[PDB]
Amino acid sequence: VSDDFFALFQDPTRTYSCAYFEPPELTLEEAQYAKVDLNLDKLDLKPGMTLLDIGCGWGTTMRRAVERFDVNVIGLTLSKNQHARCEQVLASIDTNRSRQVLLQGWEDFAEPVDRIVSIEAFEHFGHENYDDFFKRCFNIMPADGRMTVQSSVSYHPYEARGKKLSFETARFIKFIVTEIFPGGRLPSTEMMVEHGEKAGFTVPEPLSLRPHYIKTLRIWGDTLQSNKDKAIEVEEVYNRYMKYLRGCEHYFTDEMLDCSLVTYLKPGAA
Ligand SMILES: CCCCCCCCCCNCCSC[C@H]1O[C@@H](n2cnc3c(N)ncnc32)[C@H](O)[C@@H]1O
């Protein structure tokens, strides 16, 4: 997967996550900023604080946080591509706030921060590591800390929609977690909430982003579709991602997949 490839289907910001069409008539690009504001507005961010962005992408969330809230920022990513971009994105801001991006996972991060944002990185963590993740996030934050985690989710193998559809969905999901995001693994919303509660977080009712992901995958699908040619010369990979995009839209429509924005409040939050 090359940067030039994703360039032919994503908005100019290169946000590789669910957009937020509020109001409904926003551009994909506008909708990606609105999704960033949706997360940050939950975080009770005050000037001088340090915001930790876990899985920080091309640095879009962090830039918007410095600009909108007058905070310091630290970003974690496991991609050199993303790290160098973020670094130049951060260095370009007119601020005296510190900005730092580290090529490393949350597992090796242990510094005090005030607030945490994480948009669709959580699918890479592994069920096995959820307890450590939430414990780390609770422990690095002050008494009034808050964290948002946004993540696609599925449902426990038990959770009825027909035998036919449930076997089918399990397979399509295998394919995502194998050839699109190798090593990935979807949680359920219930797991997201429960592991946070066990670490001692108060967890309000999660926000479902389902119709927004449906809307996002359609624009993605449609834009890649229109570059059938331009994308092939940069056929195999093309048909793979078309199966992925059209497939997810379908299963989000069918209500076999969902996307949750979960907020985690420490006992002393405001
Ligand atoms: C609708 C689709 C259906 C659901 C399919 C599974 C979802 C796949 C996730 C796609 N969301 C993309 C957001 S970008 C992921 C970011 O998280 C980072 N990351 C991954 N693991 C860690 C980690 N352990 N620590 C810090 N950062 C991490 C990557 O470097 C990257 O910047």
# chains A, B, ... in the order shown; residues from 1 in each chain; ligands from 1

$ residues_around --residues "residue 224 in chain A" --least-positions-apart "3" --cutoff "6 Å" --atoms "only C-alpha atoms" --output "list in words"
residues 9, 221 and 227 of chain A

$ write_last_selection --atoms "N, CA, C and O atoms" --output "PDB file, in the first residue's frame"
ATOM      1  N   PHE A   9      -8.560   8.035  -3.421  1.00  0.00           N
ATOM      2  CA  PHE A   9      -9.917   7.854  -2.892  1.00  0.00           C
ATOM      3  C   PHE A   9     -10.330   8.684  -1.663  1.00  0.00           C
ATOM      4  O   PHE A   9     -11.526   8.897  -1.444  1.00  0.00           O
ATOM      5  N   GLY A 221     -15.771   4.624  -2.014  1.00  0.00           N
ATOM      6  CA  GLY A 221     -16.067   3.703  -3.107  1.00  0.00           C
ATOM      7  C   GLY A 221     -16.229   4.417  -4.432  1.00  0.00           C
ATOM      8  O   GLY A 221     -15.610   4.032  -5.422  1.00  0.00           O
ATOM      9  N   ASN A 227     -11.473   6.352 -10.475  1.00  0.00           N
ATOM     10  CA  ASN A 227     -10.052   6.272 -10.829  1.00  0.00           C
ATOM     11  C   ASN A 227      -9.575   4.854 -11.151  1.00  0.00           C
ATOM     12  O   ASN A 227      -8.391   4.541 -10.978  1.00  0.00           O
TER      13      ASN A 227
END

$ residues_near_ligand --ligand "ligand 1" --cutoff "7 Å" --atoms "only C-alpha atoms and all ligand atoms" --output "ChimeraX atom specification"
/A:16-17,54-57,76-79,82,104-107,119-125,152-153,176-177,181,184-186,213,248

$ write_last_selection --atoms "N, CA, C and O atoms" --output "short mmCIF file (atom, residue, chain, number, x, y, z; two decimals), in the first residue's frame"
data_model
loop_
_atom_site.label_atom_id
_atom_site.label_comp_id
_atom_site.auth_asym_id
_atom_site.auth_seq_id
_atom_site.Cartn_x
_atom_site.Cartn_y
_atom_site.Cartn_z
N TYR A 16 -8.05 8.70 7.14
CA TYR A 16 -8.41 7.34 6.87
C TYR A 16 -9.32 6.88 8.02
O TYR A 16 -9.00 5.93 8.74
N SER A 17 -10.45 7.56 8.21
CA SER A 17 -11.39 7.18 9.26
C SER A 17 -12.78 7.79 9.01
O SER A 17 -12.94 8.62 8.11
N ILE A 54 -3.27 8.99 20.22
CA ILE A 54 -2.76 7.63 20.03
C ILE A 54 -3.23 7.06 18.67
O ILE A 54 -4.44 6.85 18.47
N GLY A 55 -2.27 6.79 17.78
CA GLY A 55 -2.54 6.59 16.35
C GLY A 55 -2.90 7.90 15.65
O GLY A 55 -4.07 8.16 15.32
N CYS A 56 -1.89 8.73 15.38
CA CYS A 56 -2.14 10.14 15.08
C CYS A 56 -2.20 10.48 13.59
O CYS A 56 -2.36 11.66 13.22
N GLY A 57 -2.08 9.46 12.75
CA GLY A 57 -2.29 9.62 11.30
C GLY A 57 -1.33 10.62 10.66
O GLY A 57 -0.11 10.64 10.94
N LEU A 76 1.46 9.46 18.65
CA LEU A 76 2.10 8.17 18.49
C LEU A 76 1.61 7.54 17.21
O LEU A 76 0.41 7.52 16.93
N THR A 77 2.56 7.01 16.46
CA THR A 77 2.27 6.27 15.25
C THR A 77 3.33 5.19 15.00
O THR A 77 4.47 5.34 15.40
N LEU A 78 2.94 4.10 14.34
CA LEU A 78 3.90 3.06 13.96
C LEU A 78 4.31 3.16 12.48
O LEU A 78 4.82 2.18 11.92
N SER A 79 4.12 4.34 11.87
CA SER A 79 4.43 4.57 10.45
C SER A 79 5.37 5.76 10.20
O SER A 79 5.04 6.90 10.55
N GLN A 82 3.94 8.58 8.16
CA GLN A 82 3.07 9.43 8.98
C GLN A 82 3.81 10.34 9.96
O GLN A 82 3.38 11.46 10.25
N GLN A 104 6.39 5.02 17.72
CA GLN A 104 6.31 4.04 18.79
C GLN A 104 4.85 3.84 19.18
O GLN A 104 4.01 4.69 18.88
N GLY A 105 4.57 2.71 19.83
CA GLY A 105 3.23 2.34 20.25
C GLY A 105 2.94 2.76 21.68
O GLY A 105 3.86 3.06 22.44
N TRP A 106 1.65 2.76 22.03
CA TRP A 106 1.22 3.19 23.35
C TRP A 106 1.84 2.31 24.41
O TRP A 106 1.99 2.73 25.54
N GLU A 107 2.20 1.09 24.03
CA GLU A 107 2.78 0.13 24.94
C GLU A 107 4.08 0.66 25.53
O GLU A 107 4.39 0.38 26.69
N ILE A 119 -8.45 7.75 17.33
CA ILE A 119 -9.45 7.56 16.27
C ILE A 119 -9.00 6.39 15.39
O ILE A 119 -8.01 6.49 14.63
N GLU A 120 -9.72 5.28 15.52
CA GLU A 120 -9.56 4.06 14.72
C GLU A 120 -8.15 3.49 14.66
O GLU A 120 -7.66 3.06 13.61
N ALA A 121 -7.51 3.43 15.82
CA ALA A 121 -6.24 2.71 15.94
C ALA A 121 -6.53 1.43 16.74
O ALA A 121 -5.80 0.42 16.66
N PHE A 122 -7.60 1.50 17.53
CA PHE A 122 -7.93 0.49 18.57
C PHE A 122 -8.16 -0.90 17.98
O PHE A 122 -7.91 -1.89 18.64
N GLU A 123 -8.57 -0.97 16.71
CA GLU A 123 -8.74 -2.23 15.99
C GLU A 123 -7.42 -3.00 15.78
O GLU A 123 -7.43 -4.21 15.49
N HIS A 124 -6.28 -2.30 15.91
CA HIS A 124 -4.97 -2.97 15.85
C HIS A 124 -4.41 -3.48 17.19
O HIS A 124 -3.39 -4.15 17.21
N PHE A 125 -5.05 -3.16 18.32
CA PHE A 125 -4.46 -3.46 19.63
C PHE A 125 -4.45 -4.95 20.01
O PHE A 125 -3.48 -5.46 20.59
N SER A 152 -14.38 1.05 14.87
CA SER A 152 -15.34 0.14 14.28
C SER A 152 -15.49 -1.03 15.22
O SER A 152 -14.54 -1.40 15.93
N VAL A 153 -16.68 -1.61 15.21
CA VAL A 153 -17.01 -2.74 16.07
C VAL A 153 -17.87 -3.74 15.33
O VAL A 153 -18.48 -3.40 14.30
N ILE A 176 -11.03 -8.63 5.92
CA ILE A 176 -10.56 -7.27 6.24
C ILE A 176 -9.27 -7.35 7.07
O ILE A 176 -8.21 -6.84 6.70
N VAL A 177 -9.41 -8.02 8.20
CA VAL A 177 -8.37 -8.35 9.14
C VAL A 177 -7.25 -9.27 8.60
O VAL A 177 -6.44 -9.78 9.39
N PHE A 181 -6.18 -4.93 6.56
CA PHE A 181 -5.45 -4.55 7.78
C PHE A 181 -4.91 -5.81 8.44
O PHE A 181 -5.50 -6.32 9.39
N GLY A 184 -5.25 -7.18 12.26
CA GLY A 184 -6.34 -6.44 12.90
C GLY A 184 -7.27 -7.34 13.72
O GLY A 184 -7.22 -8.56 13.59
N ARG A 185 -8.11 -6.75 14.57
CA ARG A 185 -9.16 -7.52 15.23
C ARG A 185 -10.22 -6.60 15.79
O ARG A 185 -9.93 -5.71 16.58
N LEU A 186 -11.47 -6.78 15.36
CA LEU A 186 -12.58 -5.90 15.76
C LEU A 186 -13.03 -6.22 17.15
O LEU A 186 -13.17 -7.38 17.47
N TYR A 213 -20.38 6.44 8.75
CA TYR A 213 -19.49 5.52 8.00
C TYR A 213 -20.11 5.04 6.68
O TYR A 213 -19.40 4.95 5.65
N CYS A 248 -17.93 -3.19 3.31
CA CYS A 248 -18.18 -2.48 4.57
C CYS A 248 -19.44 -1.62 4.51
O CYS A 248 -20.25 -1.65 5.45
#

$ residues_around --residues "residue 241 in chain A" --least-positions-apart "4" --cutoff "12 Å" --atoms "only C-alpha atoms" --output "PyMOL selection string"
chain A and resi 1+5-6+8-9+175-176+179-181+217+220-225+228+231-232+235-237+245-248

$ atom_distance --atom1 "CA of residue 147 in chain A" --atom2 "CA of residue 264 in chain A"
5.1 Å

$ select_by_dssp --residues "range 43-226 of chain A" --states "alpha helix (DSSP H)" --output "PyMOL selection string"
chain A and resi 60-69+80-91+130-140+163-175+189-198+210-226

$ write_last_selection --atoms "C-alpha atoms" --output "short mmCIF file (atom, residue, chain, number, x, y, z; two decimals), in the first residue's frame"
data_model
loop_
_atom_site.label_atom_id
_atom_site.label_comp_id
_atom_site.auth_asym_id
_atom_site.auth_seq_id
_atom_site.Cartn_x
_atom_site.Cartn_y
_atom_site.Cartn_z
CA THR A 60 -4.71 16.38 11.33
CA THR A 61 -6.27 15.90 14.80
CA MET A 62 -3.16 17.34 16.57
CA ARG A 63 -2.97 20.46 14.33
CA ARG A 64 -6.64 21.18 14.88
CA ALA A 65 -6.16 20.73 18.65
CA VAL A 66 -3.20 23.17 18.86
CA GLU A 67 -5.08 25.73 16.76
CA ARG A 68 -8.53 25.35 18.34
CA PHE A 69 -7.57 24.90 22.03
CA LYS A 80 7.55 6.55 9.33
CA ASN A 81 5.52 7.97 6.45
CA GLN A 82 3.07 9.43 8.98
CA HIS A 83 5.73 10.55 11.45
CA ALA A 84 7.69 12.80 8.98
CA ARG A 85 4.49 14.29 7.59
CA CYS A 86 3.19 14.99 11.13
CA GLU A 87 6.50 16.55 12.06
CA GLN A 88 6.31 19.01 9.17
CA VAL A 89 2.59 19.54 9.81
CA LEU A 90 3.37 20.39 13.46
CA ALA A 91 6.41 22.56 12.84
CA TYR A 130 -7.22 -4.23 26.16
CA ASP A 131 -6.66 -4.42 29.94
CA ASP A 132 -3.14 -2.98 29.66
CA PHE A 133 -4.31 -0.31 27.25
CA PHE A 134 -7.03 1.08 29.52
CA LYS A 135 -4.84 0.79 32.65
CA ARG A 136 -2.06 2.78 30.91
CA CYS A 137 -4.49 5.49 29.83
CA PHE A 138 -6.01 5.80 33.34
CA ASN A 139 -2.54 5.90 34.93
CA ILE A 140 -0.97 8.58 32.71
CA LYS A 163 -27.60 -17.99 10.39
CA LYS A 164 -26.89 -17.12 6.72
CA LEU A 165 -25.96 -13.46 7.34
CA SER A 166 -23.87 -14.19 10.43
CA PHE A 167 -21.60 -16.78 8.76
CA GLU A 168 -21.20 -14.48 5.74
CA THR A 169 -20.24 -11.48 7.93
CA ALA A 170 -17.69 -13.45 9.95
CA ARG A 171 -15.96 -14.29 6.65
CA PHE A 172 -15.96 -10.81 5.17
CA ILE A 173 -14.48 -9.59 8.46
CA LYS A 174 -11.76 -12.30 8.27
CA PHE A 175 -10.86 -10.87 4.85
CA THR A 189 -18.86 -1.93 21.80
CA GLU A 190 -19.55 -3.95 24.93
CA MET A 191 -15.81 -4.88 25.19
CA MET A 192 -14.83 -1.24 24.60
CA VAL A 193 -17.08 -0.10 27.45
CA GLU A 194 -16.28 -2.93 29.88
CA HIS A 195 -12.53 -2.80 29.70
CA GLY A 196 -12.75 0.96 30.42
CA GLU A 197 -15.03 0.36 33.40
CA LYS A 198 -12.63 -2.29 34.78
CA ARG A 210 -23.03 4.01 11.56
CA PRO A 211 -24.86 6.24 9.04
CA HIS A 212 -21.78 8.45 8.86
CA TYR A 213 -19.49 5.52 8.00
CA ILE A 214 -22.06 4.38 5.42
CA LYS A 215 -21.88 7.89 3.87
CA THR A 216 -18.02 7.86 4.12
CA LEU A 217 -17.56 4.45 2.41
CA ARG A 218 -19.88 5.49 -0.41
CA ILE A 219 -17.82 8.57 -1.27
CA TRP A 220 -14.68 6.48 -0.89
CA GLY A 221 -16.07 3.70 -3.11
CA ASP A 222 -17.33 6.19 -5.69
CA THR A 223 -14.08 8.18 -5.87
CA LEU A 224 -11.86 5.06 -6.22
CA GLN A 225 -14.33 3.66 -8.79
CA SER A 226 -13.84 6.80 -10.92
#

$ closest_residue --among "A:149, A:243, A:102, A:260" --to "residue 40 in chain A" --atoms "only C-alpha atoms"
A:149

$ select_by_dssp --residues "range 110-254 of chain A" --states "strand (DSSP E)" --output "MDAnalysis selection string"
chainID A and resid 115:119 146:153 207:208

$ write_last_selection --atoms "N, CA, C and O atoms" --output "PDB file, in the first residue's frame"
ATOM      1  N   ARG A 115      -5.081  14.597  28.532  1.00  0.00           N
ATOM      2  CA  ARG A 115      -6.253  14.116  27.801  1.00  0.00           C
ATOM      3  C   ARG A 115      -5.773  13.206  26.694  1.00  0.00           C
ATOM      4  O   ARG A 115      -4.642  13.374  26.199  1.00  0.00           O
ATOM      5  N   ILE A 116      -6.624  12.264  26.277  1.00  0.00           N
ATOM      6  CA  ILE A 116      -6.238  11.326  25.229  1.00  0.00           C
ATOM      7  C   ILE A 116      -7.328  11.219  24.152  1.00  0.00           C
ATOM      8  O   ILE A 116      -8.524  11.095  24.496  1.00  0.00           O
ATOM      9  N   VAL A 117      -6.913  11.278  22.868  1.00  0.00           N
ATOM     10  CA  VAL A 117      -7.780  11.006  21.714  1.00  0.00           C
ATOM     11  C   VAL A 117      -7.153   9.819  20.977  1.00  0.00           C
ATOM     12  O   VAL A 117      -5.919   9.678  20.956  1.00  0.00           O
ATOM     13  N   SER A 118      -7.997   8.935  20.440  1.00  0.00           N
ATOM     14  CA  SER A 118      -7.556   7.798  19.600  1.00  0.00           C
ATOM     15  C   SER A 118      -8.674   7.441  18.611  1.00  0.00           C
ATOM     16  O   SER A 118      -9.725   6.923  19.008  1.00  0.00           O
ATOM     17  N   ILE A 119      -8.452   7.752  17.334  1.00  0.00           N
ATOM     18  CA  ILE A 119      -9.451   7.560  16.273  1.00  0.00           C
ATOM     19  C   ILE A 119      -9.002   6.389  15.390  1.00  0.00           C
ATOM     20  O   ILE A 119      -8.011   6.488  14.633  1.00  0.00           O
ATOM     21  N   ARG A 146      -9.832  12.693  30.668  1.00  0.00           N
ATOM     22  CA  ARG A 146     -10.870  12.117  29.818  1.00  0.00           C
ATOM     23  C   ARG A 146     -10.170  11.585  28.577  1.00  0.00           C
ATOM     24  O   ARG A 146      -9.142  12.114  28.190  1.00  0.00           O
ATOM     25  N   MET A 147     -10.751  10.567  27.950  1.00  0.00           N
ATOM     26  CA  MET A 147     -10.220   9.988  26.730  1.00  0.00           C
ATOM     27  C   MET A 147     -11.379   9.659  25.807  1.00  0.00           C
ATOM     28  O   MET A 147     -12.399   9.184  26.271  1.00  0.00           O
ATOM     29  N   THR A 148     -11.240   9.934  24.499  1.00  0.00           N
ATOM     30  CA  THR A 148     -12.157   9.328  23.508  1.00  0.00           C
ATOM     31  C   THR A 148     -11.428   8.270  22.755  1.00  0.00           C
ATOM     32  O   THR A 148     -10.248   8.436  22.448  1.00  0.00           O
ATOM     33  N   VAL A 149     -12.102   7.155  22.524  1.00  0.00           N
ATOM     34  CA  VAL A 149     -11.653   6.140  21.576  1.00  0.00           C
ATOM     35  C   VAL A 149     -12.777   5.965  20.534  1.00  0.00           C
ATOM     36  O   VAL A 149     -13.949   5.644  20.903  1.00  0.00           O
ATOM     37  N   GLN A 150     -12.441   6.195  19.257  1.00  0.00           N
ATOM     38  CA  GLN A 150     -13.353   5.850  18.157  1.00  0.00           C
ATOM     39  C   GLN A 150     -12.884   4.584  17.460  1.00  0.00           C
ATOM     40  O   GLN A 150     -11.690   4.428  17.138  1.00  0.00           O
ATOM     41  N   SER A 151     -13.820   3.661  17.244  1.00  0.00           N
ATOM     42  CA  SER A 151     -13.462   2.329  16.727  1.00  0.00           C
ATOM     43  C   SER A 151     -14.651   1.665  16.017  1.00  0.00           C
ATOM     44  O   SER A 151     -15.779   1.726  16.504  1.00  0.00           O
ATOM     45  N   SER A 152     -14.380   1.046  14.872  1.00  0.00           N
ATOM     46  CA  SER A 152     -15.335   0.143  14.281  1.00  0.00           C
ATOM     47  C   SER A 152     -15.492  -1.034  15.220  1.00  0.00           C
ATOM     48  O   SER A 152     -14.544  -1.403  15.934  1.00  0.00           O
ATOM     49  N   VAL A 153     -16.683  -1.614  15.212  1.00  0.00           N
ATOM     50  CA  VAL A 153     -17.006  -2.738  16.074  1.00  0.00           C
ATOM     51  C   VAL A 153     -17.869  -3.736  15.327  1.00  0.00           C
ATOM     52  O   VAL A 153     -18.483  -3.402  14.303  1.00  0.00           O
ATOM     53  N   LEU A 207     -21.590   6.877  21.294  1.00  0.00           N
ATOM     54  CA  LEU A 207     -22.207   7.417  20.099  1.00  0.00           C
ATOM     55  C   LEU A 207     -21.919   6.485  18.918  1.00  0.00           C
ATOM     56  O   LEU A 207     -20.754   6.108  18.660  1.00  0.00           O
ATOM     57  N   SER A 208     -22.994   6.104  18.228  1.00  0.00           N
ATOM     58  CA  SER A 208     -22.921   5.320  17.017  1.00  0.00           C
ATOM     59  C   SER A 208     -22.701   6.235  15.821  1.00  0.00           C
ATOM     60  O   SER A 208     -23.421   7.217  15.636  1.00  0.00           O
TER      61      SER A 208
END

$ closest_residue --among "A:234, A:269, A:188, A:11" --to "residue 158 in chain A" --atoms "only C-alpha atoms"
A:188

$ closest_residue --among "A:29, A:183, A:159, A:251" --to "residue 127 in chain A" --atoms "only C-alpha atoms"
A:183

$ closest_residue --among "A:31, A:270, A:242, A:259" --to "residue 43 in chain A" --atoms "only C-alpha atoms"
A:270

$ atom_distance --atom1 "CA of residue 114 in chain A" --atom2 "CA of residue 19 in chain A"
25.4 Å

$ closest_residue --among "A:203, A:7, A:28, A:160" --to "residue 255 in chain A" --atoms "only C-alpha atoms"
A:160

$ atom_distance --atom1 "CA of residue 249 in chain A" --atom2 "CA of residue 205 in chain A"
24.1 Å
